[PDB]
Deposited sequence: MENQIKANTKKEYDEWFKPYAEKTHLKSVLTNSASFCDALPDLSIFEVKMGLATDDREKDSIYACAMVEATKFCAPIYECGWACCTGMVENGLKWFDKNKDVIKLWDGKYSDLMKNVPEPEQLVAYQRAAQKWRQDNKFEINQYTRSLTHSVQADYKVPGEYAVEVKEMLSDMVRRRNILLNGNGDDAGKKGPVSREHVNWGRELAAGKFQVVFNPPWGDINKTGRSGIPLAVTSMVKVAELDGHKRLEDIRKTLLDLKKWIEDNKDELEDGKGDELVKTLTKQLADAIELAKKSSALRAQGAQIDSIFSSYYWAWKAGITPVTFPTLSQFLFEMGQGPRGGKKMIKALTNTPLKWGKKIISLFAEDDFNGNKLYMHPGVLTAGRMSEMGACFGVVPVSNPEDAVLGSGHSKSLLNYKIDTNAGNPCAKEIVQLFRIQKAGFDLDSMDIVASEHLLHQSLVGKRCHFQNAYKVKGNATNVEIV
């Protein structure tokens, strides 16, 4: 069938949504954007099932079922409709055909990023690409679809009963952060105050470039930040100051134009380095930050989805959330479908043959598991029959739509803990590079009240906050 969410503007989409919302009887008691949630899922049965299981594939199935129950009815319907309306589908997809250059750094090295950790500039490219998308396509239409730019609130309130286990989650996250944290001598010399090294770089000219056309000066400085820690780039600003006072105190011994042109060039290179380093320190710390909707449309586009064929993607991803139908069941279904995009999606999947911590897989690379991203965006309202959404479909990032409000008794944090308990019962977590419930809680900490929010420009440390 065809995409029933016919809308080419926020206006037209609103004109669609008023009768639809009235029909499906939406609710706001326990969730930020109005959802199908009338009551808070009790996931306790799954601890029990879990605690009584033997092989880990049974345990995986159990956890997947609890995730479906937790999120089946809490998805932000209004935003999901809007992410999936006909104008959005048409424009969100063709956006990529217009912007081949804005995405070349990663897209053009996609095959490589299925196997290796990305360079900082590939991450800078992806995050700015995402912003362009949200501007170009007019995506940000309210709070729950906005890019967040606030800073990590020092405070996080949780009910008594849960405030324990939350702090326990906090502890392991802190533990984890530490195990992740814990032409280059040029940079280290420039930082210790030996500015004269800028007169004579070991690689040649100071303006000289390398990979991605970044100046060797800059990559040297980023690499010094990466090893001797962040605060060292500021020793280099103090050093550039000593350089400047040098030239000013001895302008005589320098060629006419040169000297001012040197300090300017260097100053810029420091600014560039700080901005590149900070991307790296963040990736190292907390792993890739996927912009769900932007990557969803990127993957749809690379698979070759069209507005014509989009409703089959929506239906597929909707079915996928009606029980444990991810993993090998999904791959098999995608392998079997007569639709071309099926096998094209599969070939986007990064092999588990990945050179490095999975945390650092570039957020524009697809995996079987990252299909939950396309689910939370495309598989909540099935655009061929919108009104079937009332049945539910469980995708994990839907959980961010749960209210934080101490009013509702922070259901978001309740569900995260419950899921956490279930994960404890079946697994030794120290063995996994990622604990799903910890990643979710981290996103709540950073202030995501909805997964259609881009939170990259949020400044702070989420692992260092106070659980009231």
Exercise. According to the record, which stretches of the deposited sequence lack C-alpha coordinates?
Worked result: 183-197
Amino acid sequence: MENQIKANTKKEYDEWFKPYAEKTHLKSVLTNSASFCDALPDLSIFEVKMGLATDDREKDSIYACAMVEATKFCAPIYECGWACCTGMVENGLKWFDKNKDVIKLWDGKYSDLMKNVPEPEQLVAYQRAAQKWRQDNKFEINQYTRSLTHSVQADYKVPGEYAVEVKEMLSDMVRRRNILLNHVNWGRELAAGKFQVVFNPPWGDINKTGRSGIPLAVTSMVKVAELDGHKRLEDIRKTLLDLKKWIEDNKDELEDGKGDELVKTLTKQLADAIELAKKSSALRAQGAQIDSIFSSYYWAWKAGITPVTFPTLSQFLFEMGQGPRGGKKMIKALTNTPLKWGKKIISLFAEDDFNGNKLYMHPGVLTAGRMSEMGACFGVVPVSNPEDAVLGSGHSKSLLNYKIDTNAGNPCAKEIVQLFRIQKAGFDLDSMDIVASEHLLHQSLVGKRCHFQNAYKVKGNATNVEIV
From here on, numbers count along this sequence of modelled residues.
Seminar exercise, completed: Averaging the C-alpha temperature factors as deposited, the higher value of 304-312 versus 219-227 falls on 219-227
Exercise. Per the PDB record, is the mean Cα temperature factor higher over 158-166 or over 77-85?
Worked result: 158-166
Problem set entry | Highest recorded Cα temperature factor - choice among 130, 376, 389, 192 | 192
Problem set entry | Maximum C-alpha temperature factor, selected from 202, 342, 364, 321 | 202
Exercise. Should residue 411 be placed in the lowest, middle or highest third of its chain by the C-alpha B factor in the entry?
Worked result: middle
Seminar exercise, completed: Of the three thirds of the chain ranked by Cα temperature factor, residue 55 occupies the highest
For this session: Sort the modelled residues of this chain by their C-alpha B factor and say whether residue 427 lands in the lowest, middle or highest third.
Result: highest
For this session: Comparing against every modelled residue in the chain, figure out the third that the C-alpha B-factor of residue 317 lands in (lowest, middle or highest).
Result: lowest
For this session: Rank-wise, by C-alpha B-factor, drop residue 369 into the lowest, middle or highest third of its chain.
Result: lowest
